[PDB]
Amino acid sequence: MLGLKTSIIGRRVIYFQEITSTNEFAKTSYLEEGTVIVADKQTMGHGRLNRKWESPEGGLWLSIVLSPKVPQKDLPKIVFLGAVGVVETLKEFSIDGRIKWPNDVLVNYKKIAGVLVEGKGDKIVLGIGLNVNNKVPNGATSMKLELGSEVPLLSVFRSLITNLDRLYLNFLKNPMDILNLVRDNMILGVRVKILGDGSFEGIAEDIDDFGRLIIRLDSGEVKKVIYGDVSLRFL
C-alpha cells in the first residue's frame, strides 16, 4: 500500500506495533538487503556506548539491513549516511539539524536523533532513532517541540527513506562523497571534550578523509579521533 519508489532501501518494510529493538531484530533475522524494520515503540531500545534509548510512541524507530561490503577502509562511514539522511529530512521540514560527531543530530544543541550502526561480517544494520511527536528526556528535543506542532510520522518516514536510498546508492559508487556532506552539516569550530581512555579538550576542526574527528589541543597538538568507544562533550 506504501508505493515506495526507492531502489534498495525500502524494497521491503517490516512494521511492528511493538518490538524489543529494531536493531536486534535486524541483526538476528534472515533479511534481504534494503529491508527496513520499523516499530511504533521499542521496549528495549539501544543506544551507543551501551546506553538505553527511550522509544515511546510518536517517534521514528527503524533499522535498515545493508550489505555494502566496499573496501574495508571506507565502511565506517555508514553512520554518516544515517546522520546526513536525518539532517536532510529535518531541513525538508525546516528544522536546523546539525551533526554532533560521530552519530548524533542536534537542534540548538539538543539531541533530536541518534544513529547506531552494528555490523557482523557482510551484514550491516543501520539503526536510526528520531524524536518526532513523542515526549523526550532532558537533554533532548523533537520535531514537534521545534515546530510547535505535530508532524505526520509517515511523511517523515517517506522523506527519510527516500533520502537514505539516494545517499546509499551514491555511497556504493563514490564512498567519499558522504564526507563532504557531513562536513557541511557538522558542528565544528567549537571547543569539545573527548571522553575515552582518559580525556582531552580542544577545538573540533573538521573530519578527515577517513571520517576521523580532528582536534587541535591548546598546545597545538593535533589528535585524530577514531569512531569507537569514545564520546564527545560540548563545553
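Just count from 1 along the sequence shown to find any residue number.
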(request) Could you settle it for me: does 223-231 or 6-14 have the higher average Cα B factor in the PDB entry? (result) 223-231
(request) Between 166-174 and 64-72, name whichever shows the higher mean Cα B factor according to the PDB entry. (result) 64-72
(request) Tell me, please, which of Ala26, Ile207, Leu188, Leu49 has the highest C-alpha B factor according to the deposited entry? (result) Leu49
(message) So if I compare the CA B-factors in the entry for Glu118, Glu92, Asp122, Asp96, which one is the largest?
(response) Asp122
(request) Consider only the C-alpha atoms of the modelled residues in this chain, order them by B-factor as the entry records it, and name the third containing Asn180: lowest, middle or highest. (result) highest
(message) Sorting by Cα B-factor within the chain, modelled residues only, which third would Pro137 end up in: lowest, middle or highest?
(response) highest
(message) What third of the chain does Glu150 rank in for C-alpha temperature factor, lowest, middle or highest?
(response) highest
(message) Test of reading the entry: by CA B factor among the chain's modelled residues, which third contains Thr43?
(response) middle
(message) Split into thirds by Cα B-factor across the chain's modelled residues, where does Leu31 land: lowest, middle or highest?
(response) middle
